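A.B. asks: Kindly generate the corresponding structure for this input.
(chains A, B, C, D, E and F)
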Amino acid sequence: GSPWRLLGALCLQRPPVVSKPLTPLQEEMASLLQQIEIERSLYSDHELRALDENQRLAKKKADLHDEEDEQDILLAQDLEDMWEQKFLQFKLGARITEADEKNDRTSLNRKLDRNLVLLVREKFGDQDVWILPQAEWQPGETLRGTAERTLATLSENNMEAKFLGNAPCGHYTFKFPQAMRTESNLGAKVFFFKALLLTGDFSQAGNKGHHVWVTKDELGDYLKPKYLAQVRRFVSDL
Amino acid sequence: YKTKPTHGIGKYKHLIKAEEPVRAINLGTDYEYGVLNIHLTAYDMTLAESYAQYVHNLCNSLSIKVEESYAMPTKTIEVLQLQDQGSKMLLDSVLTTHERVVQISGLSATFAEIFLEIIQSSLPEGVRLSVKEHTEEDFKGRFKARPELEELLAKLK
Amino acid sequence: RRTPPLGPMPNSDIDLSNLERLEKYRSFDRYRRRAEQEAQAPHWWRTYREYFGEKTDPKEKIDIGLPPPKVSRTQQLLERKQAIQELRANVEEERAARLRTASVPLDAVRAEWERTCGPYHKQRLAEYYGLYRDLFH
Amino acid sequence: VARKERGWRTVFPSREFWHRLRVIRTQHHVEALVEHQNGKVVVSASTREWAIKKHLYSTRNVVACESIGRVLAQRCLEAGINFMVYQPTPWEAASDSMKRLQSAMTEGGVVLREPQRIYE
Amino acid sequence: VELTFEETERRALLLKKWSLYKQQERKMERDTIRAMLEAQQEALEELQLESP
RNA sequence: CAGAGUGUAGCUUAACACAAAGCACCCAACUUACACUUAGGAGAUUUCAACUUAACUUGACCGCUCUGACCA
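C.D. replies: Numbering: from 1, shown residues only, chains lettered A, B, ... in the order given. The structure is reproduced below:
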């Protein structure tokens, strides 16, 4: 064998649920593009209906020459009122949920406009270290397959993940402390694989102490400075 | 001249791809993928066309060959809703589905993970992304149906 | 009967294996720019410049003028950048250029031209007229 | 009465001239050159010069191209160069920057067409 | 309806600011691709040494 | 942490001085799109003391890539 220990890590990421809010500069550009679009657009059927209805009122008030009585029951402006009333009654979903208010970094319902990365807490040498989910490589199994096996080893989860490619997205090599450092086990070589969380969530048995979901900006709170640097390379915050 | 050392200085066709005249689908190797179709489905025509332009420009900057950029036929579906205290379906709105397809090839297996990550992160709201391997059926779906050929084929059956 | 070329043939550096992946010119100007540079380079075959170009002496021309002035490049560059930033900061200057109404003072430009590029342009202009050829051989 | 280098009808540009106006536009600078047929540059005007750069908001726009033509026309008169030819590509001629530059050269007194050679 | 002088000036300045904004977006995206590519290639080299 | 190397914007053995250049890049129009074209947009010498020269020489200095320590 080799002195280093093969480890296959899974970089499970939750894609954003809602679109990111526009920047103040983009809001100005968005209004201009909408303004330009209206200027260069032809009259729509709704616009043509309003113009003709206004003319009919003039053709009915200035002179009594109109030869039709029924005309149209509902005017264009009146028709807009019905649409406006329905919109007010309808309530949109809350982009910022209770998880954001309570800072519940366990649920997936937080920061729907950002990217969440799964983190778990594992105890090594009577020390709690936050690392990405990982498992030891076994004979007769691909390196990517170990990461797939890591998902099945989680604490009561029915999550489905979509792996992208076979080559690892990154690596992290560390050596054990000199107290237990031996030639047989010099250290370990962690390999990261990214996947997309399609559906599923952990059960309500254990939440706070088991796993957390944080973005790249707040990812440094849990990871070690040496471990954080390697993770921040293959994890984007676009 | 042939005997002079400057022979062949004027040769130019060896620097030009031979263009000597539908298209055969080239399957990828064990390390590269074959011809891929990047479908872009959205209910807004502007969003579908704009993102297809973004994908087309992204591939050029990534040195990924683009086989062809084309638009699938627009699908129009009527939307009807049931009236209150009634059993009659009344038309509510008309929705048109616009699909834009960008065809690429020669994508590396290792680079596929990076390419797919970038495009999915930039996907606009209301736009559906679907990347499929190019097949003969997909290409044949862009052509008008031929009932006359079908009628003759039915006789043979 | 064939004779090997006396030197590197044109287009020999082009890799024909990856011709599809090689970047093309795609434009007339880009090819023309490369063509002009290629023509000026010396070649081992017969060229137009061989029979029509002036047979200048290979030795460098003797300079018999006053020594060049000493100018601090670091200080000169810093002042010029400051002047540009002040000019671009003006809203009217940006608007005038955007509206294509701006202009430069020819008298002010020439006065600065006499102190910076004047003597060098005059030497080139006098060289064209052959004053150095006749006055100083 | 001097011979113009006639020929080169299958290539571009033509060599049948005495002096030509050659304009070089780059990503950040615009340069205009008046060079003899033998290849010697007679006069030049470039936006790289601090004399012209200090008075230009941008050295890559139509104003810069028009300004170079005004400066070059003054230098051409001071150099005795009154006649020259211009050989633009179809897109360059239709460009607004070159039209302004040609107008500046014409308004400066320089004629953009050389007189024909006298053979008899 | 013809745009006023102030309205045209506002749009022109906005477009100039838009060019710089999109250039910075491309730089962030281009560096993101480079960061992923460097990490993936370095990881593959390390994996090959450990177990071909 | 230490040691070693490295130093113009993305690239460049561009920078004699007259000068921080050439290309790559970004928006817009044209283009289904790309491309060409036109018309625009943004850029750098890590910093300082040494014929005051000096992007260059040397030092310091800041940053940076590597070897190990360090590590779960």
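A.B. asks: Tell me where chain A has helices.
C.D. replies: For chain A, applying DSSP state H gives helices covering A:24-39, A:45-61, A:76-89, A:98-102, A:143-152, A:225-234.
A.B. asks: Any idea which of those helices gets closest to chain C?
C.D. replies: Taking C-beta to the nearest C-beta, helix A:24-39 is the member of those nearest to chain C, at 17.1 Å. Bear in mind the C-beta positions are built from the backbone N, C-alpha and C, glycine included.
A.B. asks: which bits of chain D sit near chain C?
C.D. replies: D:5, D:36, D:38-44, D:49-58, D:61-63, D:66-67, D:70-71, D:74-75, D:79, D:89, D:100 (C-beta under 8 Å from any C-beta of the partner chain).
A.B. asks: at 7 Å what do you get?
C.D. replies: D:36, D:38, D:40-44, D:49-52, D:54-58, D:61-63, D:67, D:70-71, D:74, D:79, D:89 (C-beta under 7 Å from any C-beta of the partner chain).
A.B. asks: one step back: from the helices of chain A, pick the one with the highest average neighbour count.
C.D. replies: Mean neighbour count (mean count of other C-beta atoms under 10 Å in any protein chain shown) peaks for helix A:143-152 among those, with a mean of 19.
A.B. asks: list the contacts for residue B:150?
C.D. replies: Residue B:150 makes no contacts at all, as judged by C-beta atoms under 7 Å, 6 or more residues apart in numbering or on different chains.
A.B. asks: Okay, and it sits in which element?
C.D. replies: Take DSSP states H and E as the rule and residue B:150 turns out to sit in helix B:147-156.
A.B. asks: Residues of chain D that sit close to RNA strand F?
C.D. replies: Proximity of chain D to RNA strand F (C-beta under 7 Å from any atom of the strand) is limited to residues D:26-29, D:48-51, D:53, D:58, D:60-63, D:91-92, D:94-98.
A.B. asks: in chain B, which spans are helices?
C.D. replies: Counting by DSSP H, the helices of chain B are B:45-61, B:109-121, B:136-140, B:147-156.
A.B. asks: Quick one: residues contacting the nearest residue to residue A:28 once chain neighbours are set aside.
C.D. replies: Distances taken as C-beta to C-beta, 6 or more residues apart in numbering or on different chains put residue E:14 closest to residue A:28, at 6.1 Å, once the chain neighbours are dropped. Listed by C-beta under 7 Å, 6+ apart, the contact set of residue E:14 reads A:28-29, A:32.
A.B. asks: Switch the residues you listed over to TSV; also include distance to residue A:165.
C.D. replies: Listed next are the contacts of residue E:14 as TSV, based on distance: C-beta to C-beta, whole Å:
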residue	distance to residue A:165
A:28	39
A:29	35
A:32	40
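A.B. asks: all strands for chain B, in order.
C.D. replies: Secondary structure of chain B (DSSP state E): strands located at B:36-42, B:66-82, B:89-104, B:127-133.
A.B. asks: among the ones you listed, which is nearest residue A:180?
C.D. replies: Residue A:180 lies closest to strand B:127-133 among the strands of chain B, at 47.3 Å (C-beta to C-beta).
A.B. asks: Which strands and helices lie in contact with that closest one?
C.D. replies: Contacts defined by 3 or more C-beta pairs under 7 Å, 6 or more residues apart in numbering or on different chains; DSSP states H and E place strand B:127-133 against strand B:36-42, helix B:45-61.
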